[PDB]
Structure formats: C-alpha cells, structure tokens
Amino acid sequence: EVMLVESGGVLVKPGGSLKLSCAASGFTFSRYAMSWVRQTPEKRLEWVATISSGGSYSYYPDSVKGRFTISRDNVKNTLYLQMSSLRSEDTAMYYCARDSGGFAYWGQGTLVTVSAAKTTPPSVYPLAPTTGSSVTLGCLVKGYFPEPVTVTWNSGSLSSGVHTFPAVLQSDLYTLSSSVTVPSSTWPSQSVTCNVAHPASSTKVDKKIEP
C-alpha cells in the first residue's frame, strides 16, 4: 500500500528554523512529483511546495517563497521541507502528498507550532464521582504546552465508551479532558487508570481513579 509518514513537527520559536521529513513507501517514489500542504488551526488548507520527480524543479507560493525549501532523496525515498524565518502564522499541521491527478495520497501530518510560549508538562487529575448500571469516570489534563497529548485508559485495554475532548488553548496553556463509561460492577472493584503521554516533555504518567 502507498504510505507517507511525516515527522519533525514540534514547537519552534518565532524566527526559528525546522526541517520536516516524509518517508515514502509502497510506490516508485522517484517517478512522482511530491508536495507539502499545510492546514491552519482554523482548518484551512494551503499548498506549500512541490518538487519534480527528479528533484530539479520546485515551486512555492509567495506566502513561503524565500523561507521554505523542498528537497528529496531518490535513493532513501524521503521528502524534506526546510523551513526558516518561521512566523506564528506558519503554525499548522503539515502534510506530505504525492502528485498524481490530485494530491493523491497524504500522510497523517506533523504539527508545527510557532510560538514564544514555554514547554510545560500536564498536571493530570482523576475525575471520580449515587449509582446506576453504568458509571462515568474521567481524567483532567491541565496546563500543558504545546500540543499534542495522547490519552488512553488501562493502557489501551479500555477503549469502548471513551470520549477524549479536543484541547483548548487559554493563556498559552492547553487543557483537555477524557471521559470513560464502564459498568458499575466493574468499578471500583476493578481498577481504572488514565495514561497520559506528552511527547514535548517526554512524560508518560498514569493516574488511578480512586473512589
């Protein structure tokens, strides 16, 4: 199967530089032009760059021309985007795509956050509860920066009945929460814990929901 996987999206200060990568597999990479497309937090898409199949010709819109450079390695089958003189409005999810008909295939995206705000790990608090057949528990993930965090329950063993809410930024810190609903006969007789990972701070914490 055709696959593209972006990497390198992290927090960068205004004026800074960052190099994104895109690993291609499942097709003859050197036969296709390749592109980067970005999406703002407001969900607008913007084409960023294209490079010809052989790597010789590039194209950029004026929004990034002179600051971004697309390149490729047709032996390792990798696409790159070197960014410089970054501005907060460059904050976006960056996607790599193959040119064929349209942007024919896309990766999962890598998030670039251009901000002066400081990296901060989350504080993770349990939400514990008056009974019924089902009981709802949760985990409050407060005061972190930047996105993303990932939340699981019982190390991923508990996936049914889970709602993880989109993070909301206020005063340069994000907060999110996650709820999980289980049979009342399962809790507290059986443990429920939330697992919270924040790559930027290299943290992975577990929080047991104690009655």
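Heads up: residue numbers just count along the shown sequence, starting at 1.
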item: Residues of the deposited sequence that sit between residue 130 and residue 129 yet are not modelled; value: 4 to 9
item: Selected stretch [higher average CA B-factor]: 45 to 53 or 154 to 162; value: 154 to 162
item: Which of 76 to 84 and 113 to 121 has higher mean CA B factor, as the PDB entry lists it; value: 113 to 121
item: Residue selected from 17, 25, 195, 21 by maximal Cα B factor; value: 195
item: 63, 40, 30, 171, ranked by C-alpha B-factor: the highest one; value: 171
item: Residue 141 - Cα temperature factor, lowest/middle/highest third of chain; value: middle
item: Chain-wide C-alpha B factor ranking for residue 167, given as lowest, middle or highest third; value: middle
item: B-factor third for the C-alpha atom of residue 5 within its chain; value: lowest
item: Entry-reported Cα temperature factor of residue 69, expressed as the chain third it lands in; value: lowest
item: Residue 149 CA temperature factor, ranked by third within the chain; value: middle
